[PDB]
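> coords please:
(7 chains, ligands or ions: 1)
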Amino acid sequence: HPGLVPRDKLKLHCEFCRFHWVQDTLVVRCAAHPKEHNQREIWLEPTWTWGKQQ
Amino acid sequence: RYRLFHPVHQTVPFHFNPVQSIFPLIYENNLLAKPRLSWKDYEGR
Amino acid sequence: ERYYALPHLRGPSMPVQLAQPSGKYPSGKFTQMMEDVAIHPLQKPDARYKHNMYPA
Amino acid sequence: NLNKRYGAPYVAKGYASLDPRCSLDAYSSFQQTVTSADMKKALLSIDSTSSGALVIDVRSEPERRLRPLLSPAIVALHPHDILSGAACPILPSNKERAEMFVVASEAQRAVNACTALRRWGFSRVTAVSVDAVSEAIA
Amino acid sequence: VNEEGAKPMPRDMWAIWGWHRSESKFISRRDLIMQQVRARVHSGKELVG
Amino acid sequence: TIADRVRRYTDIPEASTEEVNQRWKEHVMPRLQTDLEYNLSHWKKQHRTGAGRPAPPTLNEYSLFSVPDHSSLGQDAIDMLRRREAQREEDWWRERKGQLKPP
RNA sequence: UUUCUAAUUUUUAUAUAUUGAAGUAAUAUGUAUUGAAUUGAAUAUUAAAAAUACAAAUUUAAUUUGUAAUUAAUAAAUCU
Ligand SMILES: [Zn+2]
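Numbering: from 1, shown residues only, chains lettered A, B, ... in the order given. Provided below are the atomic coordinates:
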């Protein structure tokens, strides 16, 4: 799922393309074209730590 | 804190050295001058 | 030494018939109700298909 | 992250608390008038047994020799001793009830000296008449 | 039963009554009011009853 | 604050429907035929003839229920507010194009 | 850095959410014109025509259907 480098680049290409809080990262999830139009904001991995990803 | 705001008027307190120290008769108006001229002139114990 | 300083006012301070156009595309807050717009709930506009079709 | 520690009267402060408005009101008092009665009331302030001279003349020292007005013991202040604030130690206490006057050679200096007063917290002074106070000899 | 827990403030101010932390139990007065408003006005989004 | 922010929703429709109650009980009530149960039964007869008398109301009979209507009021305030925003384009592109003119 | 002492500079500083607004309706210059095998608001270019408000799309070989109908959602109130 192409990390849209800033959050602001996120665009809803399809009718079924909506936003979702996938663990503190605003992402776009679509039932249709499931990974084709999927976008995920750039942010730390869902389970990071203070010594590994600052 | 280390940026103290006070009247620096405070840091040379004249409580012990008023002109009745150097001019010992000034309330007596005769205005005599009996100062301690230098640390050098100290005659001794 | 020269010192540059403003003249005294004889007329209105902010220019009115001399104002330069705002400079940002004047798509007003009401043509695209993007934000900063407050409307009474009785007077909600433009729901011609949602909730103005049955107005009150 | 100022204005959190200091107030809004910080960074948004035009520390020019000297003359954004007073200078205007100085040219206001310039406009109206001063005349006999406007000195005659001051005459009563000379008639007041308490003798603190009301009007003051900010004029060059050669000028006053030519038309001496010092008769009622009025104060002769160099216009900078007013501007610089060196005159506040002799200036009325009632900033809101006192109105002295300011004589001057040409009425531009007078208002230019009375604005200095209104910068020093003074409220009423109509600020000029080089010729009236001589026509009001007192 | 007559026993009541005498407590001037609830021992757990973030307790929930739903499923999630944002379903909290104790709500700020300045939001309890904007809640009692919507439950007492027209409900043009969520059906009622 | 509760009974206030809901009064945005009802007092105006109440301030209205409490003025009609005034207009009703003042002008039409005196000349209102109280034998309605007979009157209705007359139209249930006029309908069993089919050629009955359903009459349409007139403006003067109808203007009793004339009220401040935010269905229109609130709407055409926006449109008029908007055709000023639509007005500030041709007057903007005329102003910008008027900045290229020398002094 | 004579020695005992006194002291005002401290491996402690504030991190962006409330709300998959998705019900509420047949139509009517009109499937404009041009270019087009075809195109009807959603091929291509062309875009300041109108009137009785809804031409920068999805959809279909075309249309109709069908999604959609410019809205409450105040982090500001410093936290010491
Ligand atoms: Zn999509």
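> Residue numbers of chain F in contact with RNA strand G?
Within chain F, the positions adjacent to RNA strand G are F:78, F:79, F:82, F:90, F:93 by Cβ under 7 Å from any atom of the strand. All C-beta spots, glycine's among them, are computed from the backbone N, C-alpha and C.
> From the residues you listed, keep the buried residues only.
For the residues of chain F next to RNA strand G, a burial check counting by 16 or more other Cβ atoms under 10 Å in any protein chain shown picks out F:78, F:82.
> What separation is there between the residue in chain D that chain E sits nearest to and residue F:87?
Chain E sits closest to residue D:4 of chain D, with a gap of 23.1 Å, by Cβ to the nearest Cβ. Distance, residue D:4 to residue F:87, using Cβ to Cβ, to the nearest Å: 43 Å.
> do the same with residue F:47
Counting by Cβ to Cβ, the gap from residue F:47 to residue F:87 is 54 Å.
> and if you look at residue A:35?
For residue A:35 relative to residue F:87 (Cβ to Cβ), the value is 48 Å.
> So for these two, which residue has more residues nearby?
Comparing residue A:35 with residue F:87 by other Cβ atoms under 10 Å in any protein chain shown, the one with more neighbours is residue F:87, at 12 against 9.
> Remind me which helix or strand residue D:65 belongs to.
helix D:61-66 (DSSP states H and E).
> In that helix, which of the residues would be classed as buried?
Under 16+ other Cβ under 10 Å, helix D:61-66 has no buried positions.
> And the contacts of that helix?
Contacts to helix D:61-66, defined as Cβ atoms under 8 Å, 6 or more residues apart in numbering or on different chains, come from residues D:57, D:70, D:76, D:105.
> Check the burial of the nearest residue to the first one once chain neighbours are set aside by counting its neighbours.
It stands for residue D:57. Spatial nearest neighbour of residue D:57, excluding adjacent residues (Cβ to Cβ, 6 or more residues apart in numbering or on different chains): residue D:103 at 3.8 Å. Per other Cβ under 10 Å, the neighbour tally for residue D:103 reads 27.
> wait, residue D:103 sits on residue D:67?
No: with contact defined as Cβ atoms under 8 Å, residue D:103 does not count as touching residue D:67 (10.0 Å).
> Ignoring the adjacent residues along the chain, who's closest to residue A:26?
Nearest non-adjacent residue to residue A:26 (Cβ to Cβ, 6+ apart): residue A:41, at 4.7 Å.
> Next up, the contacts around residue 35.
In the absence of a named chain, chain A is used. Residues in contact with residue A:35 (Cβ under 8 Å, 6+ apart) are residue A:1.
> Revised request: answer the last question for residue F:54.
F:43, F:46.
> quick one, phi psi at it?
phi -80, psi 110 (degrees, to the nearest 10).
> Tell me the gap between the helix holding residue D:65 and the middle of its chain.
A distance of 20 Å separates the centroid of the chain from that of helix D:61-66, by Cα atoms, centre = their mean, to the nearest Å.
> CA atoms only for that helix, dumped as PDB, please.
Taking C-alpha atoms only, helix D:61-66 is exported to PDB below (Å, rounded to 0.1, in the frame of the first residue of the first chain):
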ATOM      1  CA  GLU D  61      16.900  83.500  25.800                       C
ATOM      2  CA  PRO D  62      17.400  86.500  23.500                       C
ATOM      3  CA  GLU D  63      13.700  86.600  22.700                       C
ATOM      4  CA  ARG D  64      12.600  87.100  26.300                       C
ATOM      5  CA  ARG D  65      15.000  90.000  26.800                       C
ATOM      6  CA  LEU D  66      13.100  91.700  24.000                       C
END
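> mind listing what the residue sitting nearest the centre point of chain D touches?
Chain D has residue D:114 as the residue nearest its centroid, 3.6 Å off, counting by Cα atoms, centre = their mean. Shown in contact with residue D:114 (Cβ under 8 Å, 6+ apart): D:26, D:29, D:102, D:125, D:127, D:128.
> Tell me the one of the residues you listed nearest chain C?
After measuring the contacts of residue D:114 against chain C - Cβ to the nearest Cβ - the closest member comes out as residue D:26, at 12.0 Å.
> Neighbours of whichever residue of chain C sits closest to chain F, how many?
Nearest residue of chain C to chain F (Cβ to the nearest Cβ) works out as residue C:43 at 2.5 Å. By other Cβ under 10 Å, 15 other residues sit near residue C:43.
> just the one 10 residues further on next, same as before
Number of residues near residue C:53 (other Cβ under 10 Å) recorded here: 8.
> can I get the contacts of helix D:61-66 in a markdown table with neighbour count and secondary structure?
Output for those, formatted as a markdown table (neighbours: other Cβ atoms under 10 Å in any protein chain shown; DSSP: H, G, I helix; E, B strand; the rest coil):
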| residue | neighbour count | secondary structure |
| --- | --- | --- |
| D:57 | 24 | strand |
| D:70 | 11 | coil |
| D:76 | 17 | strand |
| D:105 | 17 | coil |
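> Switch the residues you listed over to TSV; also include distance to the ion.
Below are the contacts of helix D:61-66 laid out as TSV (distance: Cβ to the ion, whole Å):
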residue	distance to the ion
D:57	87
D:70	95
D:76	89
D:105	85
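> Now the two most distant members of those residues.
D:70 and D:105 (14.9 Å; Cβ to Cβ).
> what's the nearest residue to residue D:18 if we skip its chain neighbours?
Nearest to residue D:18 is residue D:119, by Cβ to Cβ, 6+ apart, at 5.5 Å.
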